[PDB]
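Encoded as structure tokens, the structure appears first; notes follow it.
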Amino acid sequence: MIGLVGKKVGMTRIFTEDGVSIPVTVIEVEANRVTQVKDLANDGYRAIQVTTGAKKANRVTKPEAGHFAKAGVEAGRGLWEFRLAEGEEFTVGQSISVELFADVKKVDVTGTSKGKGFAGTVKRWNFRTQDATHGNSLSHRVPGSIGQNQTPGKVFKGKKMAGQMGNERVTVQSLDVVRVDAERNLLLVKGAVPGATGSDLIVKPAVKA
Amino acid sequence: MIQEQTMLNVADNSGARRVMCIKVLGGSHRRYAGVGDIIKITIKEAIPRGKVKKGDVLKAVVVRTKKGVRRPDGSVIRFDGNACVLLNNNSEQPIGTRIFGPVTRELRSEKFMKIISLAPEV
Amino acid sequence: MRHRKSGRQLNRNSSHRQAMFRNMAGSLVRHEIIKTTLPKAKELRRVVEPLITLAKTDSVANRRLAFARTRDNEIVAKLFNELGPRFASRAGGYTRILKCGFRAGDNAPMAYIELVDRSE
Amino acid sequence: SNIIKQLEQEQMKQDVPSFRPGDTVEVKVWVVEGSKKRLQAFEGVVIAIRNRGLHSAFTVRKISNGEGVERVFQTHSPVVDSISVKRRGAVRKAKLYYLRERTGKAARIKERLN
Amino acid sequence: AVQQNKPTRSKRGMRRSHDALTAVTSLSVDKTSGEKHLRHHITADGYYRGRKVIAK
RNA sequence: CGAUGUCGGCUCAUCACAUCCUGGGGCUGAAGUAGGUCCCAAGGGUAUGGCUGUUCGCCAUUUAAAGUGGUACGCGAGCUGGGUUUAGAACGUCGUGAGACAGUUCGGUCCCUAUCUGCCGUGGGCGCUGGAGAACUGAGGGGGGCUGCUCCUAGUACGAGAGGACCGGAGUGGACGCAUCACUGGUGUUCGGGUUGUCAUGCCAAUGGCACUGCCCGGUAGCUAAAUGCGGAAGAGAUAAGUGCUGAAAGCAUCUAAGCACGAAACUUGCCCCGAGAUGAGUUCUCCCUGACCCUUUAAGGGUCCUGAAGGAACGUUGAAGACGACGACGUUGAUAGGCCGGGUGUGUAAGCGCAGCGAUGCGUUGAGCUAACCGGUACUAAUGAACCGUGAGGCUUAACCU
RNA sequence: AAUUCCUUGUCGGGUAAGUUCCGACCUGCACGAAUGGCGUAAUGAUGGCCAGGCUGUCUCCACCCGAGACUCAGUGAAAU
RNA sequence: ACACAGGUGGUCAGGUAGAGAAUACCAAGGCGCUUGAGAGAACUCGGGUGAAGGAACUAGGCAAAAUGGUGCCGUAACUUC
RNA sequence: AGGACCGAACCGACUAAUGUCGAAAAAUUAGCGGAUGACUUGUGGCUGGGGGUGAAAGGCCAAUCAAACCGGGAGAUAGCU
């Protein structure tokens, strides 16, 4: 089934009547407007493309402005589309609310993780550091050996080395949905989700049922 | 957070006063023992008249930790020292007759009934 | 990675950085316009403009607190007597930065920082 | 944020008494043993208070039979029922962490008498 | 740590292909004095956005 | 031999299967639990310490197991230098002696700024053919694949008893990986406070400089673990060893020759990520350009004037984005940054004055004063009008429908 | 044993675990009395072993402050 | 070999605290060391702090951490006293 | 009184890190030993190469020592590259 696009809004905890406190991530899921519906006849697959939020009138380009005007949908920030499960249908211009998550229990949240920049092997791949004393010289956090000898004669592809860490989309799956608030457009999910505050997130029902 | 080579006090009156943890049981490559995990210890100094002598290896259960324990609502319990209770290596069965100091309720595993009963508090 | 951190280091230690802003804040008040590098000028807005805000209301405690910064009785006199009343109705933004090319010695991006005054 | 702050506000409790570090406090907490619910009393000295709104918490240290016990209570958790103040320590430090090292006659503090 | 064969002038030029400078090609004309200057920068004589700012 | 650095340890691994564990089976001198042996199986996992330079080995205590080998007995332009293997010295022994001894002890310089291949990241150029802005399909590639214990079944089957299942379900752990900062904490030389010596601001009071942040006590935001959530699947397809149904050759029998069934953490998919430079360069949606002159070696030709749109770039303010590029937001039709207002947080009752005391000091004003990166607002300052790049309806052949 | 190949001799002490160390025996391969033998208080930047305190040595690293590394302007090498 | 973190004999040598020519901060006097400006990655160098544990590291407590002054009390084995 | 004790100048160089095309053809930083003596140091002398000097390492004798440096025999010789 289709997901929804929301914005991460900090974190909080919910106190239950029995005493236990549930850490919850707050996701602001306002109305999602369908801008385009894809069908097997034309696109070879069925999907719905949705938009959310708002954009400055002078900031949206003409190609994007015409695309929204065709669907009669107010311009929003970015576009995302979700594949259909063959059991439901949608129409252009339809608005989708967070209420569809009322009957679900597990969700999958996808977002861009925080960017750590160029990271070393110790931080990136949990490499073990070498001794800080006992004669060690300029080799306290160095990766160490990266190959065997002449017989391979090369470093194998996929070697773990320092490089860019974070700033890629990652998915946290099977997260418990704690509360849904349609009128206030909130979705409380137990746990933590990728990305920093204000980052766009995609929420869909858990697939590992 | 009890790991190998850690000093522990003895809550019971078995005659031991200070013990060394030499192994954390319950899993391969386990790092440190929790609130109520079984550990293997060696006695470093005990009462001469006690039933347990120095330099003997026997199991033990942690009852108090300096690091503390976490409650489901976010509360924590912390102590000024680490304490344990002695065992029999074949059946858990704390050999002590009385245990001093508070004991947390995390040990209620349908089994440590003897420990909790002897506990002056909780 | 300095996420959400603020405050330029300017290749100086804390003590040197604090003194340099202290002097160069005092110079700006004295002359009402100075020429510096762009990074230095931007960081000064956060140490000079608070001083003018303090000078808005004249009091013994404020005078002592103002003196503890810039450690100059001339500057303290200049504040509370001219800068204070001049900016009485001004809600911040007492400074203005104007880029003025590059320094010949090392090609440092240079800029003029000057109070919103001197319209005589 | 506005959304978060509004969300936490509805979970507050307005019956939180005003207390300061160094004040002797007895905090009543709920205890559950299978199906029975009881009230347990924890009396001690507040050595640190953390103010963060719904996340505010304080820690209480008491001298038990042999060693001290430090417990951190979440102020707005349902587990805590009531907080009562007996003494008013005349300390002038936000965090009384130095009391851990001290013991005996050196762990006592004066009375505010205000 | 050191080369086994001296790179050719072809490789040298190929590496240097990215060292070319770029012209500003963005010179704005002052509103009043009509003096060419870098964008968002004061003119040589001390004008900016028309009004004189240096007075020196 | 115009030089291929040698034993161990550390870091980092990768492959084989003659499999240590987990998985599937045959036989058993297999009652059950637990075994013995053989076959299939390399997906993942596959200890910590004491002694010794040791590999090894002995010993202590864990685990489901602490597998065997290849890779210059893997890995010193990655680290160490304990052993061995220079020069000093001593012991035993051999020699008249200099000296020697896989005999033993004490001490004893480990260089290299990476051109190429390789690998981990990140960009520019051009191409994909009229240009441009978006959203995708997915060839293909990679990541992950571990498991203990407790309870129910059940104290059931089995067994004289003692002992004690298979299959299936639930809960809770260890190790490993991803994400995050709500909680518990670390850090917090940009916040507050205490205090020692000394110099200075005319002096008292009050402050600042220096002494590792002078030494300390707390601590915001960020980053972060010890903290907190989540993951290993289920299912499907074709199979290995193995078990079969029907069934002739060979009137019988026979799992096989025809045909039809099941059958493992292996294989393909399912889960997550990259991905159209996939030159086989893909699909969809939207936007922009439809003015004239001439020249010839009349060609997908060249030249001139006028127009240059969509959009892009550049510049500026910048960012939970970042080595630099890149990426995201904003540029007044404006909350992008700074300041300012209010709040929060932290530290903790400022200075001044008054009162009590001979004084240090105490009390009142006063939970005051000051507060970095946080929250909500506010055009006060800075994000300038413009210039620059990018054009003018987009080749040939053929096929199908209008004409 | 600064001497011992067999050897980690045998027993005891110390450790949960001791090829090291300490004590005792002598089967001294191959100690031995001024190329001196056995003791010896004090002394030693001398060898070995153990204990208390102490700690980022380590389980397991995290953050922070400075100088380089990175970008811009000027100058401008080296082995090969 | 250099406008080189090295070496080079003698004399004068103030204030506050201090036993002191140690050490900290200063006077007279002399200097900021002849490339700068930014950014605030890995990693290297020199430092600061650290939850729980406290040598489990390692050939080896290497390196770090710790102890550190004055006065009074008290101070073992052994000994050439 | 002391080849006495602690500790600066001064003399020396036990450990670690940095530095190895370095700031330096043995240094820097933090610790470390002696520091009234068999001490250390300025100036000037004497000992000359199969010789000197040596609290003895084959150490030192102008950054060179199991026989210094310079010139000569000398185009030594080289069954070797």
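Numbered from 1 within each chain, the chains take letters A, B, ... in sequence-line order.
- Place C:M1 and A:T133 on RNA chain G by their nearest nucleotides, and A:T133 ends up nearer the 5' end.
- At F:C340, one or more side-chain N or O atoms of C:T53 fall inside 4.0 Å of OP1 or OP2 (strictly under the cut-off).
- Residue A:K159 places none of its side-chain N or O atoms closer than 4.0 Å to OP1 or OP2 of F:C12.
- C:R2 has a side-chain polar atom (N or O) that falls below the 4.0 Å cut-off from OP1 or OP2 of H:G40.
- Using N1 to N3 plus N6-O4 or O6-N4 for Watson-Crick, or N1-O2 and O6-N3 for G-U wobble, each under 3.5 Å, I:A67 pairs with nothing.
- Remark: RNA chain H takes part in the stems G:61-68 with H:43-50, G:70-73 with H:35-38, H:14-17 with H:23-26, each of 3 or more antiparallel Watson-Crick or G-U pairs, criterion distances under 3.5 Å.
- No N or O donor and acceptor, one from the side chain of B:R31 and one from the base of H:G53, sit under 3.5 Å apart.
- Between the side chain of A:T61 and the base of F:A310, no donor-acceptor pair under 3.5 Å is found.
- Using a 4.0 Å cut-off, some side-chain N or O of D:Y97 falls inside it from OP1 or OP2 of F:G219.
- Residue side chain D:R71 does not reach the base of F:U184 through any donor-acceptor N/O pair under 3.5 Å, judged by distance alone.
- A 4.5 Å side-chain heavy-atom check between B:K66 and B:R78 finds every atom pair outside the cut-off.
- Within the shown strands, nothing qualifies as a pairing partner of I:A9 under the Watson-Crick or G-U definition with both distances less than 3.5 Å.
- Taking atom CZ on E:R49 and atom P on F:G331, their separation rounds to 15 Å, with Å as the unit.
- For the OP1/OP2 pair of F:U317 and a distance below 4.0 Å, the side-chain nitrogens and oxygens of C:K42 include at least one atom meeting the criterion.
- Residue contacts for B:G68: at a heavy-atom cut-off of 4.0 Å it reaches no nucleic acid atom on any strand shown.
- The side chain of A:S139 places no N or O atom within less than 4.0 Å of a non-bridging phosphate oxygen (OP1 or OP2) of F:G78.
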For residues 28-36 of chain B, please give each side-chain donor-acceptor pair under 3.5 Å, one per line with the distance, not counting sequence neighbours.
{"residue": "B:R30", "atom": "NH1", "partner": "B:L25", "partner atom": "O", "Å": "3.4"}
{"residue": "B:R30", "atom": "NH2", "partner": "B:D37", "partner atom": "OD1", "Å": "3.4"}
{"residue": "B:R30", "atom": "NH2", "partner": "B:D37", "partner atom": "OD2", "Å": "2.7"}

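- Residue contacts shown for A:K116 are limited to sugar-phosphate atoms, with no base heavy atom under 4.0 Å away.
- Base pairing annotation: F:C183 forms no Watson-Crick or G-U wobble pair, as no partner gives both donor-acceptor distances under 3.5 Å.
- Counting atom types as modelled, E:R39 pairs a side-chain N or O with a base atom of F:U384 as donor and acceptor under 3.5 Å.
- Donor-acceptor pairing under 3.5 Å, judged by distance alone, is present between the side chain of A:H134 and the base of H:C57.
- Here A:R83 reaches the OP1 or OP2 of F:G138: one of its side-chain N or O atoms lies under 4.0 Å away.
- In this structure, I:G79 makes no Watson-Crick or G-U wobble pair, since no nucleotide meets both defining distances under 3.5 angstrom.
- Put simply, A:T151 has a side-chain N or O that comes within less than 4.0 Å of OP1 or OP2 on F:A72.
- Contact annotation: C:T37 reaches the phosphate of H:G38 (side-chain N/O to OP1 or OP2, under 4.0 Å).
- For E:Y48, a side-chain nitrogen or oxygen approaches OP1 or OP2 of F:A383 to under 4.0 Å.
- For C:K40 and C:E43, the salt-bridge test fails: no basic side-chain N is under 4.0 Å from an acidic carboxylate O.
- For F:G69, the paired nucleotide is F:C15, the pair qualifying as Watson-Crick or G-U wobble because both relevant distances are below 3.5 Å.
- Under the Watson-Crick and G-U wobble criteria, each requiring two contacts below 3.5 Å, nucleotide F:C158 is paired to F:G163.
- For C:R45, the side-chain atoms get nearest to F:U318 when compared with the rest of F:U318, F:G209, F:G232.
- In this entry G:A51 has no Watson-Crick or G-U wobble partner, no candidate having both defining distances under 3.5 Å.
- F:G362 is paired with F:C355 under the Watson-Crick or G-U wobble criterion, all donor-acceptor distances under 3.5 Å.
- Between D:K93 and the phosphate of F:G218, there is no side-chain N or O to OP1/OP2 separation shorter than 4.0 Å.
- You won't find any donor-acceptor pair under 3.5 Å spanning the side chain of A:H67 and the base of F:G133, going by distance alone.
- Within 4.0 Å (heavy atoms only), E:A1 reaches at least one base atom of the nucleic acid.
- Once you apply a 4.0 Å limit to the heavy atoms of chain C, the touched nucleotides of RNA chain G run 5' to 3' over G:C64 to G:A73.
- For A:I48 and F:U284, the CD1 to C1' distance is 16 Å, given to the nearest whole Å.
- A donor N or O paired with an acceptor N or O is found under 3.5 Å between the base of F:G78 and the side-chain atoms of A:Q130.
- Side-chain to base pairing of A:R128 with F:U11: no donor and acceptor N or O lie closer than 3.5 Å to each other.
- Within 3.5 Å, a donor on the side chain of B:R70 pairs with an acceptor on the base of F:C183, or the reverse.
- Mapping B:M20 and A:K123 onto RNA chain G by nearest heavy atom places B:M20 closer to the 5' end of the strand.
- When each of A:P143 and C:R64 is assigned the nucleotide of RNA chain F with its nearest heavy atom, A:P143 is the one assigned upstream, toward the 5' end.
- At a cut-off of 3.5 angstrom, the base of F:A135 holds no donor-acceptor pair with the side chain of A:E81.
- Residue D:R52 places no side-chain atom within donor-acceptor reach of the base of F:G344, judged by atom type and a 3.5 Å distance cut-off alone.
- A:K38 contributes no side-chain N or O that forms a donor-acceptor pair with the base of F:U284 under 3.5 Å.
- Sparse packing is recorded around CD of E:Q4, with 12 or fewer heavy atoms of other residues, nucleotides or ligands lying under 6.0 Å away.
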